[PDB]
Structures are given as structure tokens and as C-alpha cells.
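Q: Here is my input; please provide its structure:
(2 chains)
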Amino acid sequence: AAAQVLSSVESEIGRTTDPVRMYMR
Amino acid sequence: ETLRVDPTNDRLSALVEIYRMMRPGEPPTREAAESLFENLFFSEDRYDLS
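A: Numbers count the residues shown, from 1 in each chain, chains lettered A, B, ... in the order given. Structure as follows:
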């Protein structure tokens, strides 16, 4: 259930462009 | 008139809304959002009015 918390983030992101954030996510 | 535009209602919902501005893209937790607001202005090591 730790992947539905990303869909609560991914459609509401603050448009990250740093690849270390996308990898650590 | 500013409290009408505020989307938050309590403390923990407000600490998330500072995390979505300061560190955007990374999903926030409870203890990660609490330590970020303290480390901005309320820590001796990362703030000094001098």
C-alpha cells in the first residue's frame, strides 16, 4: 500500500527535476 | 480574509504544505515535516540573528 501514496503525490507533485529525488522516491 | 484562502485546517496538515514548497517532489512523512520547520528558524546551528 506504499504505492497508492505515490499516486497521491505524483498527480500533485511540485514538478521535481532533480534525479536524486526521483531515485530516492 | 486570508483564513478563507488557507487550504489547511490543523497543524500537521500545515506542516505538509511547507514540505511541498521547500522539498517538492519528495513525499512527506510526519517526523520529516516536523524537523524541517524547526530547522529553518528555530535551531541554533542553522539560524543566527547575530
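
Q: For chain A, what lies in contact range of chain B?
A: Neighbours of chain B within chain A, by CB under 8 Å from any CB of the partner chain: A:5-6, A:8-9, A:13-16, A:18, A:21-22, A:24-25. All C-beta spots, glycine's among them, are computed from the backbone N, C-alpha and C.

Q: For residue A:20, what are phi and psi?
A: Listed backbone geometry of residue A:20 is phi -80, psi -30, with angles given as degrees, to the nearest 10.

Q: What's the separation between it and residue B:1?
A: In this structure, residue A:20 and residue B:1 are 40 Å apart, going by CB to CB, to the nearest Å.

Q: Give me the more crowded residue out of the two.
A: Higher neighbour count among residue A:20 and residue B:1: residue A:20, with 9 against 4, using other CB atoms under 10 Å in any protein chain shown.

Q: right, and residue A:16 touches residue B:20 too?
A: No: Residue A:16 sits out of contact with residue B:20 when judged by CB atoms under 8 Å, with a separation of 10.8 Å.

Q: Check which residues of stretch B:26-37 are buried.
A: B:26, B:27, B:28, B:33 (16 or more other CB atoms under 10 Å in any protein chain shown).

Q: residue nearest the centroid of chain A?
A: Taking CA atoms, centre = their mean, the centroid of chain A lies closest to residue A:10, which sits 4.9 Å from it.

Q: Contact partners for that one?
A: With contacts taken as CB atoms under 8 Å, 6 or more residues apart in numbering or on different chains, residue A:10 has no neighbouring residues.

Q: In strands, which of the buried residues of stretch B:26-37 fall?
A: Using DSSP state E, no member of these falls within strands.

Q: Out of the residues you listed, which comes closest to residue B:45?
A: Minimum separation from residue B:45 among these (CB to CB) is found for residue B:33, which lies at 19.4 Å.

Q: Confirm for me that that closest one is in contact with residue B:19.
A: Yes: taking contact to mean CB under 8 Å, the distance of 4.7 Å between residue B:33 and residue B:19 places them in contact.
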